[PDB]
């Protein structure tokens, strides 16, 4: 609704195609594009949040289960269609679970990588939130 993104997909005799255009079908400017592949193992990914960064998650192949928490509510959504993007805003905790063996997960980011934008501790994250409420 506010988080789930339905990208317009095109289909022909040849296949499918999806195009994402910076600040057209995504609320921000693209500066970085990262992706995860050749996954394996039972240990998740993510479990962190970001102060400034805005992102959009997309399961290009296979599937992945992702959790969300803006401190308030928690949401879960299983990405399994390249045509769907998930919006992860700043100040939103995230987790990437259950990567299918063939999963390819892509992320469109508003800025370059920067370890100091991270909130990797749940409590601080929570903390971070409350503080915020006050202001």
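Residue numbers count along the first chain shown, from 1.
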*asked:* If you average the CA temperature factors as listed in the entry, which stretch comes out higher, 21 to 29 or 120 to 128?
replied: 120 to 128
*asked:* If you take the mean CA temperature factor per stretch, which one wins between 96 to 104 and 43 to 51?
replied: 43 to 51
*With respect to the C-alpha temperature factors reported in the PDB entry, which of 58, 73, 88, 64 ranks highest?*
73
*Considering only modelled residues of the same chain, in which third does the CA B-factor of residue 79 rank: lowest, middle or highest?*
middle
